[PDB]
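I have a structure here, written as structure tokens, and I will follow up with some questions on it.
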Amino acid sequence: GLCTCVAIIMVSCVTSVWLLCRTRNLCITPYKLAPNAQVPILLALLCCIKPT
Amino acid sequence: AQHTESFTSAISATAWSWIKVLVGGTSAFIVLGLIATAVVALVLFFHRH
Amino acid sequence: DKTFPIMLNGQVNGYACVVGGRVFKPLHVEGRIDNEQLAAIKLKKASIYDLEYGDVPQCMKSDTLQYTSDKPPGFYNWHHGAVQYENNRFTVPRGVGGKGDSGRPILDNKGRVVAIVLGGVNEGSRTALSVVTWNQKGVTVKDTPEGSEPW
């Protein structure tokens with residue numbers, strides 16, 4: 001029970017982390033490639049972004 | 001004695017409230033200081049940016 | 001002149017300067033100012049901006065470089081030549097400036113200081129300067145490119 005309630009949560013956690021990393025990459029990459037823009041500060045905050 | 005004292009047996013409500021209000025006041029007061037400090041850091045980051 | 005070399009071991013370490021009502025000088029530069037009428041006025045340091053500020057004598061007062069926070073991109077002068085303001089950065093052609101150039105003002109075309117330099121990096125055919133600017137509201141802010149060094 002432990003082993004399959006720990007392996008399960010680990011698998012789900014790694015998938016969720018990988019998904020959150022991917023969704024961040026997609027969020028930040030456009031601004032990352034525009035050196036100049038006004039970032040949406042709510043999106044600058046919710047993702048890691050070093051605003052202007 | 002037919003009982004055993006327990007190191008809380010004399011504190012009483014009044015002294016409890018005193019220790020309470022004192023510690024709470026200090027904790028809140030430090031929390032104020034920390035809050036004003038973090039708020040100044042965030043204000044400066046928006047001040048640059 | 002209206003900016004003064006602070007001195008150490010005879011060899012000017014940093015030109016400090018007189019802006020808008022206050023002599024300013026960078027904290028890292030360590031030196032006697034070379035103007036007796038300033039060389040002792042206590043300095044109020046602030047490390048968040050790497051600078052030290054102090055009121056100029058009430059007689060000195062009416063010599064004091066003007067300033068302004070409105071700096072549209074373009075050409076601005078500088079002792080060692082022209083500086084260019086593009087893409088919210090001040091840049092200088094390569095190899096001009098270094099140890100000794102700290103704290104000299106950057107003036108506009110009407111002659112008012114817009115910035116006081118604190119450092120640099122040579123980046124290809126140009127040099128980005130780490131500087132102290134008066135932001136769009138007039139608040140002072142230290143703008144520094146990455147890796148910039150104390151001049």
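One-based numbering along the chain as shown.
Looks like electron microscopy, 3.0 Å, at least that's what the header says.
For all residues, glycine too, the Cβ spot is worked out from N, Cα and C.
I grabbed these lines from Swiss-Prot:
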type	residues	note
DISULFID	A:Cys27-A:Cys48	disulfide bond
LIPID	A:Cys27	S-palmitoyl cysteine
LIPID	A:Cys47	S-palmitoyl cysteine
LIPID	A:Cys48	S-palmitoyl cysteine
REGION	A:26-46	region 'Transient transmembrane before p62-6K protein processing'
Checking distant contacts: for the region 'Transient transmembrane before p62-6K protein processing' (A:26-46), what same-chain residues at least six beyond its ends satisfy Cβ-Cβ under 8 A?
52
Just name the most isolated of the recorded positions A:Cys27, A:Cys47, A:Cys48, going by other Cβ atoms within 10 Å of its Cβ.
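Relative to the other recorded positions in A:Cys27, A:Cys47, A:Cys48, A:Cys48 has the fewest Cβ atoms within 10 Å.
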Give the distance between the Cα atoms of A:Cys47 (S-palmitoyl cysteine) and A:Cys27 (disulfide bond), rounded to the nearest whole Å.
7
Would you list the DSSP helix, strand and coil counts for the residues of the region 'Transient transmembrane before p62-6K protein processing' (A:26-46)?
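So the region 'Transient transmembrane before p62-6K protein processing' (A:26-46) is made up of 14 helix, 0 strand, 7 coil.
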May I ask you to report the DSSP-based helix, strand or coil state of A:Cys48 (disulfide bond)?
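Note: A:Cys48 (disulfide bond) is coil by DSSP, not helix or strand.
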